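Chains as they are written, first to last, in the authors' numbering: chain Y, 1 to 35, 35A to 35B, 36 to 82, 82A to 82C, 83 to 100, 100A, 101 to 113; chain R, 596 to 620, 640 to 644; chain B, 2 to 6, 8 to 27, 27A to 27C, 28 to 107; chain S, 27 to 68, 80 to 110, 115 to 141, 166 to 173, 187 to 210, 215 to 231, 236 to 242, 262 to 328; chain X, 348 to 595.
All C-beta atoms, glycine included, are put in the ideal place defined by N, C-alpha and C.
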Amino acid sequence: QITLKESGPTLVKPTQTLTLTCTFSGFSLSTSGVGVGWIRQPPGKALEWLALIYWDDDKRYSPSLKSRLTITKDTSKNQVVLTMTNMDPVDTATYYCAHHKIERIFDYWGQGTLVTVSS
Amino acid sequence: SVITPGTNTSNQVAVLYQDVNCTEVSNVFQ
Amino acid sequence: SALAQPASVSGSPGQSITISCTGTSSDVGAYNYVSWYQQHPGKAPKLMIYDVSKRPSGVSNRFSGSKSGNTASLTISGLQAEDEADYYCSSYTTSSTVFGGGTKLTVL
Amino acid sequence: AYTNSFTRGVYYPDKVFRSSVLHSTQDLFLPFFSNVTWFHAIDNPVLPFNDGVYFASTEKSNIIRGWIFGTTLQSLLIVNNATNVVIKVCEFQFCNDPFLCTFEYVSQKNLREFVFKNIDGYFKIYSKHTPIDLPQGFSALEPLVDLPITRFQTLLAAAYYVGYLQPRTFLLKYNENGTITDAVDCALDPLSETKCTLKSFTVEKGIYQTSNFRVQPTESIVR
Amino acid sequence: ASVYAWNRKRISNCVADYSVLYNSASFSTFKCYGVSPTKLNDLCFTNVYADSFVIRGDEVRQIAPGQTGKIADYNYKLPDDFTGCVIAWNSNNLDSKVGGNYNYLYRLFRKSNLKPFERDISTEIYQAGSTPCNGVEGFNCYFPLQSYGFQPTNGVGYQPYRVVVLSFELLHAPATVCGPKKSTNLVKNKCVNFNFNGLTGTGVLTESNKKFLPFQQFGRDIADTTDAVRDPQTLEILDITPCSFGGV
Ligand SMILES: *[C@@H]1O[C@H](CO)[C@@H](O)[C@H](O)[C@H]1NC(C)=O
Ligand SMILES: *[C@@H]1O[C@H](CO)[C@@H](O)[C@H](O)[C@H]1NC(C)=O
Ligand SMILES: *[C@@H]1O[C@H](CO)[C@@H](O)[C@H](O)[C@H]1NC(C)=O
Ligand SMILES: *[C@@H]1O[C@H](CO)[C@@H](O)[C@H](O)[C@H]1NC(C)=O
Ligand SMILES: *[C@@H]1O[C@H](CO)[C@@H](O)[C@H](O)[C@H]1NC(C)=O
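Below you can see the structure in the form of structure tokens.
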């Protein structure tokens, strides 16, 4: 069925750059009007949208964090690889990758992955 | 307007500009 | 967030409940595609309303909604304890996609 | 070199059948007695295409193998072939002295005559083959293709004629069998103008109004 | 395509069924000129041009005969004698992006209005009244194509509408497209109705000696009324006589 799955090291020291690969199935990211984006949720606060990539190699990022966010994909591997430099301890939060359409602003959501910034 | 001897009499032809001076647009008669 | 919500609301079984959502005119405009997500603690949010009152496949038929101007509104008919979860409104903004402050429902 | 075109270059303008009738049409046509330009192969330069072309050649060897069209030599090509004729479109490039992407196509003492008319995105072709200077006489090129898409060149001791179409009004006489038996180019001369004004190939002795005329304004001024 | 450099397709040699369109009605707007969308299902055509592009939802107003405005003036004119149909629908669900969908483009200005049905792919700087800037942007020297930048937080009139305009012609050529209607035997004597490739009339059909040349689909009287047709299935020239008719 259509699914998404976050992956990558959940513990990263603040000097390093976190890298996360979201793997999906049941669709091709090359499909017109389809996109995949990322959402994170620190404990007890609201959710924040990070980045979105469209089928046409088109990239978007939250301007408040666009400098740090960098997103990448490999359609041949059905994978979206996100990266963001210079982790602040406060960045410690749950991270989600999700399927996107304009009409279904985030239809299906992956299981999500914990992310931790400390020693 | 075209003056004709009748076609099978000859293809010779003459032409009349009914309301103009000459010198505006050969053998010519005003 | 540009989208705000009540931190909590209360209802009782068989009564209707409403969670309001407030946009920010300067970057919501038509305030279209305003969705609502249920989120039980420790679970991924599940889309349940995409356009106002419009429900994606696998609809839990009790869930419903509406909008009025800059105010969106989720509506659930015949409350049950299973409804007790976080609820987040979300809508596009020209700068970015954004989520509401969430609402901690209590289903008395 | 040059030759007078005489009455050649009529073609069926739009083949709604008519017979034993006089009918008038207006289109791109080769003017009667136009100044057909005569070439010899003994180079074969590019010519402008303008509004369209009359082409004819009498080489018995079939040495005229085809044509190429459009600027930069996107383009259209048309070449005869072994038991065949072919067409294609690309931005081809080939050498300026040739001798033997979209819409490939294939199909099948004689004077061979052709008209290439490019109208409404359709590259109409009309033709006739007739036994043989351009031989003074009259016949109509029949339609042959209408495939759709500015300068052109022939594809190769042999000689051919080129003339350019212009807008003209014609009266056509259809024989009892619906062949065009004669035509008049209404622009040619006052007698032709009279013939068209009267819709007849022969005119009785008399005077006839051919048209109005006016001195067109030479200039425009503002206070 | 962008409405700049709009696409064209030579739809032909096929059986249409516009009822699938007219009755689907999923698209927001559908308009026709020179035919009704119903009667349309029962005609044949020499050729069909389907063109399509994306424009602002308000700009659909300009995609009609004789309109004026930057879209009609510099992107897609329509001849006053146009025949065909325009369809459009809100396609925000597919064409918007969270940050503007700058894939689509439109020429904002041009030295003159376009031809009534022409396409213009050039991208030179639109020169200023100033001395030419030779590819330098400046005073009135502008890059000619602006982007709509479609995004979802956008008014319905400004939401992206993708558009298809169908256009077609009725030349002397045989039809190459026709509706789904069946066809009969030819009752070649009685006074009857006929509908040959859409040519509609009444008469006594009969055989003919007219000896049409192969390109001749029709023959006409000296009155320019239709007088014979090739039966498109038999390829045979049939004469048409008007039915028995007079004063009593
Ligand atoms: C016109 O032709 C007929 C037949 O050739 C001839 O008899 C007649 O004399 C000609 N017209 C005149 C005015 O002579
Ligand atoms: C024709 O024009 C000339 C000069 O242009 C003039 O001398 C003469 O009188 C004019 N004749 C008539 C009849 O207008
Ligand atoms: C034919 O054209 C040439 C130039 O192209 C010109 O010199 C010649 O006089 C023309 N002949 C006639 C009969 O007009
Ligand atoms: C018409 O065709 C028949 C048969 O080909 C021929 O005998 C007759 O002479 C033709 N008539 C004309 C005017 O072409
Ligand atoms: C249509 O073509 C088919 C296949 O050649 C033939 O069997 C049939 O008789 C044709 N029908 C008509 C109406 O011409």
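Which one of the options has the shortest CA to CA distance from residue i?
| i | options | result |
| --- | --- | --- |
| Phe192 of chain S | S:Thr124, S:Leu223, S:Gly199 | S:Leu223 |
| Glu46 of chain Y | B:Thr92, B:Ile75, B:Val11 | B:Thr92 |
| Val90 of chain S | S:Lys97, S:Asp53, S:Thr286, S:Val171 | S:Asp53 |
| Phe27 of chain Y | Y:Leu20, Y:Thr17, Y:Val35A | Y:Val35A |
| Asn437 of chain X | X:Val407, X:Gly447, X:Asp398 | X:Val407 |
| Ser52 of chain B | B:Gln79, B:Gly25, B:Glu81, B:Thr20 | B:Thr20 |
| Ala123 of chain S | S:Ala262, S:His49, S:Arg102 | S:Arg102 |
| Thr547 of chain X | X:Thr581, X:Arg357, X:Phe565 | X:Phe565 |
| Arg403 of chain X | X:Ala419, X:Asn544, X:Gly482 | X:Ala419 |
| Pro527 of chain X | X:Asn422, X:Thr385, X:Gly545, X:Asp389 | X:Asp389 |
| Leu110 of chain S | S:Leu241, S:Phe275, S:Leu277 | S:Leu241 |
| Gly101 of chain B | B:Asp27B, B:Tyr86, B:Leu107 | B:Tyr86 |
| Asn440 of chain X | B:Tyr36, B:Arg61, B:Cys88, B:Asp50 | B:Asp50 |
| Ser477 of chain X | X:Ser469, X:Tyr489, X:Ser359 | X:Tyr489 |
| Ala80 of chain B | B:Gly13, B:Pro8, B:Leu4, B:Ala5 | B:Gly13 |
| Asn422 of chain X | X:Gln493, X:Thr393, X:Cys432, X:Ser383 | X:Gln493 |
Which residue marks the beginning of the alpha helix (DSSP H) containing residue i, and which one marks its end?
| i | result |
| --- | --- |
| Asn440 of chain X | 439 to 442 |
| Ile285 of chain S | Counting along the chain, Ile285 of chain S falls outside any alpha helix (DSSP H), though it belongs to the beta strand (DSSP E) covering 285 to 290. |
| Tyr421 of chain X | 417 to 421 |
| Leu303 of chain S | 295 to 303 |
How about residue i: is its C-beta nearer than 8 Å to some C-beta of chain S?
| i | result |
| --- | --- |
| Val642 of chain R | no |
| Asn603 of chain R | yes |
| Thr618 of chain R | no |
DSSP state of residue i, grouped into three classes?
| i | result |
| --- | --- |
| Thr531 of chain X | coil |
| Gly404 of chain X | coil |
| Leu452 of chain X | strand |
| residue 597 of chain X | Outside the displayed span of chain X (348 to 595) sits residue 597 of chain X, for which this structure offers no information. |
| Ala29 of chain B | coil |
| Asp86 of chain Y | helix |
| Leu368 of chain X | helix |
| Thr73 of chain Y | helix |
| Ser27 of chain B | helix |
| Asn388 of chain X | helix |
| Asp398 of chain X | strand |
| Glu81 of chain B | helix |
Considering residue i, what are the terminal residues of the beta strand (DSSP E) in which it resides?
| i | result |
| --- | --- |
| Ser375 of chain X | No beta strand (DSSP E) holds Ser375 of chain X; DSSP gives it neither H nor E. |
| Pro209 of chain S | 200 to 209 |
| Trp47 of chain Y | 46 to 52 |
| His49 of chain S | 47 to 55 |
| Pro225 of chain S | 224 to 227 |
| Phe515 of chain X | 507 to 516 |
Does any residue of chain X bring its CB to less than 8 Å from the CB of residue i?
| i | result |
| --- | --- |
| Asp54 of chain Y | yes |
| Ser89 of chain B | no |
| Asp228 of chain S | yes |
| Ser95 of chain B | yes |
| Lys41 of chain S | yes |
| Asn31 of chain B | yes |
| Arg58 of chain Y | yes |
| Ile51 of chain Y | no |
| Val47 of chain S | yes |
| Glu224 of chain S | yes |
| residue 161 of chain B | The structure shown has nothing for residue 161 of chain B, since chain B only spans 2 to 107. |
Counting only beta-carbon atoms, is residue i nearer than 8 Å to chain R?
| i | result |
| --- | --- |
| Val320 of chain S | yes |
| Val308 of chain S | yes |
| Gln314 of chain S | yes |
| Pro57 of chain S | no |
| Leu296 of chain S | yes |
| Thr299 of chain S | yes |
| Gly311 of chain S | yes |
Quick one: is residue i near chain Y, going by C-beta distance under 8 Å?
| i | result |
| --- | --- |
| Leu452 of chain X | no |
| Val27C of chain B | no |
| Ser399 of chain X | no |
Give a yes or no on whether the minimum CB-CB distance between residue i and chain B is below 8 Å.
| i | result |
| --- | --- |
| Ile100 of chain Y | yes |
Subject >> By C-beta, the residues closer than 7 Å to any heavy atom of ligand 3, given in chain order >> reply: Taken from the N-terminal end onward, the list reads S:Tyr28, S:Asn30, S:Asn61, S:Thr63.
**OP:** For ligand 5, enumerate in chain order all residues having a CB closer than 6 Å to any of its heavy atoms.
**Re:** A residue is listed when its beta-carbon falls short of 6 Å from at least one non-hydrogen atom of ligand 5; in chain order these are X:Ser530, X:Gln580.
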